[PDB]
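Heads up, the thing below is written out as structure tokens.
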Amino acid sequence: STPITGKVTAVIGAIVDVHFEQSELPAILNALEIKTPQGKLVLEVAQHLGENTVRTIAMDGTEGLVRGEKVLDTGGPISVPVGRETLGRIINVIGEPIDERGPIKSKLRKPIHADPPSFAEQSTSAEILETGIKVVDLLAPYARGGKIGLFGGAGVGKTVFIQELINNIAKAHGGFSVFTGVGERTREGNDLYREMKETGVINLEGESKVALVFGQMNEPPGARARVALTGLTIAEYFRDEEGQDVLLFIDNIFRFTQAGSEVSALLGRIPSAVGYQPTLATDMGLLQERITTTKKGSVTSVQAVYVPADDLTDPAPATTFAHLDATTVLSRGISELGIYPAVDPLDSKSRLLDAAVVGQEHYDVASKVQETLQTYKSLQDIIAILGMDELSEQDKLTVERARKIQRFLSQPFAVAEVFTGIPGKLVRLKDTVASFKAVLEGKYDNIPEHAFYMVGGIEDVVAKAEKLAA
Amino acid sequence: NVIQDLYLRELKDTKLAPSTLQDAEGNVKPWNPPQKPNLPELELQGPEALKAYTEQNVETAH
Amino acid sequence: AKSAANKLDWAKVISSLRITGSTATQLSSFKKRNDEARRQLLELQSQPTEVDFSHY
Amino acid sequence: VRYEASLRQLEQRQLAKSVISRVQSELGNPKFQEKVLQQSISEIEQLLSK
Amino acid sequence: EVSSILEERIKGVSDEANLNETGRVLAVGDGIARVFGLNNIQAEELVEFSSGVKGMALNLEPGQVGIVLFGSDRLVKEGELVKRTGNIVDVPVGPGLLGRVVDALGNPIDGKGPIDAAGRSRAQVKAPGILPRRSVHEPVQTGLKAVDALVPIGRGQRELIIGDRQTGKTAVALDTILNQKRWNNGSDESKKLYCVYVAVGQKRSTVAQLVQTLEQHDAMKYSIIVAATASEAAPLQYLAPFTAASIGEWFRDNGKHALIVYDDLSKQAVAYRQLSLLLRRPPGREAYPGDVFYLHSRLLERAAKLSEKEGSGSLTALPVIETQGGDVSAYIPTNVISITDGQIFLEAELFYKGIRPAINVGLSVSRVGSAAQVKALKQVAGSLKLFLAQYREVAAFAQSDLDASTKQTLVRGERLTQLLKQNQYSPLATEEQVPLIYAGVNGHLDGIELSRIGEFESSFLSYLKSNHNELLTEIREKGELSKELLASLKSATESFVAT
């Protein structure tokens, strides 16, 4: 087609070098398509090396390639399809379906590289997203347009947490959502595909309030890198062009880190600390700045992160830790205690927590909750060795309240009607503030600890007190 | 020169489409109406209170 | 003014201390005192009473 | 005021895209030839002053 | 309209493009263009591409001149003409940047008009000499009572604010800036510290909030915000504190005083790491480049209080270092600690326990310290240092039957700890710091119940304000506490204590 014809020279893995002719001039960040019996292999131009010999990265696999192979140039960053017809369709990295509902695209395509909106563009918001998950709402207030971050160790039901969030927040939410999966396993994928068909957020007939971008780790690291870019642009199209607010969801961004580390090394850019690319910070910055509350729209990303061996002192989680608005850490111990969610609430910090911002009553209550739980933890060592009863009566009452509160964090989940069988609880923000306040006042210290366990709000807590009584 | 051409072309050809006041109304917050005088704050109204206060507290506790 | 009212209020609290049955006199006094201090916050919560048609 | 400022920004970027249409007009025209002559002689005069 | 004004401006460029030396990219990969040409180019000189990209020229190699692009590689491609601007990096300097959030180049990212400032002066210049300095003696008061007393700060000095990530490190810093409004209002231009906040790697949304908060507290008019945001490129980040320092030099040179807060040099480090690695220079200890010590040191000795022949002026600085796990043992913290003259080390546990300020009193030192302390505050808080020392030992005594002395210490100490709490984003006046601490010293506060300390404080301040703002103003203006004032204060405190 285009005079820009290059002949492959070296297949050295994903790195494939092409020899465009002297007349022709390619450019960095372009997309090359090579017609193959394996669709069109896309190579992203990442360097010029001289005499129109580029060093480009493959997206798709590199098997069977013949060095000398004619290479067409798309002419710029990979172009996905965009539209409101992207809703409820699985879009692969190059844009091609996986939902197999034929041509995805409205009348538009867009490039997947775009710039992060400037300082002037930025528009601040103090709006509060509500999770409907009482513990999350109270002790980690979320924000609309935010950059929520589900930091945690190994597969802490990471998908499960996201599924609950989609179950509650998405259905309630009127905008769109984008579920982006970076190297996620195809078992999890099939469950998610099925699950969101079931929750009907993928509405088989009619519009879906979610769009899907499923990336599989099987796909080479290069594809793993620019699945993120693809998803990011889809959210931008929604935010900007459709004007609507969105709720972005990305999974798992450590997989994004790993992928970036690999192709850095392959690019010859010697990987920095703990083998993580020297460009990690700036790559994170481009993704993160791209996700924001503009005056065109507002997008609330919820990004899963895998913290290797639960070491957050490791530079890669730590670097991400700075860039995210509203961190949460999911802890194994609390999971094992049976509490769903598994978040250690003394290990969760959301930017919104300022006293008047979350409201003085909410704040005061939250200071008290934090102390009450913290008292139980501090006293746990004393209770353990010295003994429970040697502690003060006041301390013991605080412990008893903490045990009740601890199991009042336990909210059985709707998406754990398959992981526990017990239905969800969607508890309003005001209702949570009130019910937690009551507990602290000690009004329901006549209600067993286990009568808070795996039940919702105060009404439920009383009902299970009665149920156990019966 | 292109400098002159650019200057000329742009200026001469300038196209401004005006937008309706009605479209502006949609895109701006519309005026909120007067608050009205209403009832003012008033206390001690009715001789119900007067008889009640005199009678109820005609004595102090011994 | 309101400071007159309140000085007399607290004087009356310690007078009502000496007697009894006036143990809700002080609560009425407390209510009016409240409303006087509320009115001051009302009057201080006086945002500009006219449009800024100068600048805007 | 907010829609007014937005409308001013919107008008300039719309009129910017209308300039792109004028750019395409200039580079098509044999004003492209005649202004190349002007540029050529201007460079001759300028560079001779060096 | 406005469009017409722009077109007129375009008509106003037509300049002879006789580029004495041009370049052509030979190969561009990784933002490291290798250019053929640029024969007489100066090192670190600004170069303008066909793509319009700006660069610096760290490598002048014989066959190729290795530009480091400030710009993105997106438009860059091989062969690109590289005009030689012929000017090493310079940024506008002057009082024009007051209330102006600007990027490193000087572009107003807030768009508060094109920056009109006195001159544009180059980014890097070497630090003041031995004899071009005179010793610090002038305090600076951050409003944070604990900072002002426990680690009193002065002018033209460096002293860290080293602490754990996202503990509102920026919040602690911002409080100082806010208190500078009070002094700023004040006529003396040493009292006018024209603050410069250098937001490094900080996402534009975060800095937008910062800007908004600053606007709420009307601080943007002595504040300058040099911004290299998360997106902003590693050359920009690298040159960002240097660029910022030059802005400071105009004030310093004008003999005025100012405060530059480099936040955080840890993210500056990463950018240098990226740069060094991209030039394939070996990465130093902890994979952070070997000349990071040199880099930081070059910057940090520009913070200096000049001599009186150099018109007694300064550029006070307060670098912020982010301690990943709290490790001051980490290579960049250890280096920086050595370089600087004091550190303040916020304690994460204290932060968690809601003690804000969260300062770790032991791990905070100021070397200049009490030399740059208000005399009044010095008198009434020498005692405070000793009391707190005992309180630290008697902290562990909180695990009880205790010696009466110990139990008294514990009570006195707990009340003091609460007193030094100061709710974030609310500075205090020095004339109101000194009475409260005096009370505590006299043990007046010890008696007052812990919960009622808070009520006591605000009330005491109003009580003092009503009873004797003659005393407060006298104390403020004298800046010393005379025996007569301390006498009156003990009495006044007794009167307040009774209520």
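Ordering of the structure tokens sets the chain letters (A, B, ...); residue numbers start at 1 within each chain; ligands are numbered from 1 in the order shown.
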Contacts of range 14-26 of chain D at 12 Å (only C-alpha atoms; same-chain gap of 6+ positions) as an MDAnalysis selection string: (chainID B and resid 1:18) or (chainID D and resid 7:8 32:36) or (chainID E and resid 1:4 6:7)
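Near chain E, within 10 Å and counting only C-alpha atoms, the residues of chain D are residues 8, 11, 12, 13, 15, 16, 42, 43, 46, 47 and 50 of chain D.
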For the selection you just gave me, I'd like the residues written to a file as a PDB file, in the first residue's frame, keeping N, CA and C atoms.
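Wrote it out as part-v4.pdb, contents follow:
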ATOM      1  N   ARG D   8     -15.890  31.167  24.461  1.00  0.00           N
ATOM      2  CA  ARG D   8     -14.758  31.811  23.837  1.00  0.00           C
ATOM      3  C   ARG D   8     -13.680  30.845  23.447  1.00  0.00           C
ATOM      4  N   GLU D  11     -15.057  28.747  20.498  1.00  0.00           N
ATOM      5  CA  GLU D  11     -15.022  29.501  19.278  1.00  0.00           C
ATOM      6  C   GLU D  11     -13.655  29.545  18.689  1.00  0.00           C
ATOM      7  N   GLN D  12     -12.594  29.714  19.514  1.00  0.00           N
ATOM      8  CA  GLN D  12     -11.269  29.786  18.952  1.00  0.00           C
ATOM      9  C   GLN D  12     -10.808  28.462  18.421  1.00  0.00           C
ATOM     10  N   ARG D  13     -11.155  27.321  19.068  1.00  0.00           N
ATOM     11  CA  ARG D  13     -10.732  26.046  18.533  1.00  0.00           C
ATOM     12  C   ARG D  13     -11.528  25.643  17.316  1.00  0.00           C
ATOM     13  N   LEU D  15     -12.619  27.891  15.106  1.00  0.00           N
ATOM     14  CA  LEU D  15     -12.086  28.767  14.104  1.00  0.00           C
ATOM     15  C   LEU D  15     -10.691  28.359  13.755  1.00  0.00           C
ATOM     16  N   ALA D  16     -10.025  27.584  14.636  1.00  0.00           N
ATOM     17  CA  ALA D  16      -8.736  27.004  14.377  1.00  0.00           C
ATOM     18  C   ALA D  16      -8.867  25.953  13.325  1.00  0.00           C
ATOM     19  N   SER D  42      13.228  36.905  -1.306  1.00  0.00           N
ATOM     20  CA  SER D  42      13.415  37.455   0.008  1.00  0.00           C
ATOM     21  C   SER D  42      14.613  36.835   0.633  1.00  0.00           C
ATOM     22  N   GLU D  43      14.821  35.521   0.423  1.00  0.00           N
ATOM     23  CA  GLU D  43      15.995  34.864   0.923  1.00  0.00           C
ATOM     24  C   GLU D  43      17.221  35.336   0.220  1.00  0.00           C
ATOM     25  N   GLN D  46      17.957  38.706   1.853  1.00  0.00           N
ATOM     26  CA  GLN D  46      18.279  38.570   3.248  1.00  0.00           C
ATOM     27  C   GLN D  46      19.645  38.013   3.416  1.00  0.00           C
ATOM     28  N   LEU D  47      19.921  36.924   2.685  1.00  0.00           N
ATOM     29  CA  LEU D  47      21.120  36.162   2.842  1.00  0.00           C
ATOM     30  C   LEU D  47      22.260  36.914   2.227  1.00  0.00           C
ATOM     31  N   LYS D  50      23.807  39.077   4.648  1.00  0.00           N
ATOM     32  CA  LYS D  50      24.733  38.385   5.494  1.00  0.00           C
ATOM     33  C   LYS D  50      26.051  38.365   4.710  1.00  0.00           C
TER      34      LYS D  50
END
Contact set, chain A to chain E: 6 Å, only C-alpha atoms, as a PyMOL selection string: chain A and resi 27-29+47-50+119-120+278+285-286+313
Nearest candidate to chain A (options D:6, D:1, D:45, D:28; using only C-alpha atoms):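 Checking each candidate against chain A, we get D:6 as the closest.
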Residue set, chain B restricted to helix (DSSP H, G or I), as a VMD selection string: chain B and resid 2 to 13 21 to 26 47 to 56
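Atom pair CA of residue 83 in chain E / CA of residue 20 in chain A has a distance of 26.1 Å (rounded to one decimal).
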Atomic distance CA of residue 134 in chain A - CA of residue 432 in chain A, expressed in Å with one decimal: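 Between CA of residue 134 in chain A and CA of residue 432 in chain A the gap is 5.7 Å.
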If we count only C-alpha atoms, what is near range 39-41 of chain C at a cut-off of 12 Å, once residues fewer than 6 positions away on the same chain are taken out, given as an mmCIF file with C-alpha atoms, in the first residue's frame?
data_model
loop_
_atom_site.group_PDB
_atom_site.id
_atom_site.type_symbol
_atom_site.label_atom_id
_atom_site.label_comp_id
_atom_site.auth_asym_id
_atom_site.auth_seq_id
_atom_site.Cartn_x
_atom_site.Cartn_y
_atom_site.Cartn_z
ATOM 1 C CA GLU B 41 -39.770 34.964 63.895
ATOM 2 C CA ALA C 1 -27.156 44.260 74.664
ATOM 3 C CA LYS C 2 -27.073 40.495 74.306
ATOM 4 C CA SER C 3 -24.199 40.722 76.783
ATOM 5 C CA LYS C 32 -33.033 32.596 74.640
ATOM 6 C CA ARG C 33 -29.228 32.882 75.190
ATOM 7 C CA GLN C 47 -23.235 37.241 52.670
#
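Among the candidates A:370, A:410, A:261, A:2, the one nearest to residue 349 in chain A when counting only C-alpha atoms is A:370.
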Atom-to-atom span, CA of residue 117 in chain A and CA of residue 76 in chain A, Å: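 CA of residue 117 in chain A sits 20.1 Å away from CA of residue 76 in chain A.
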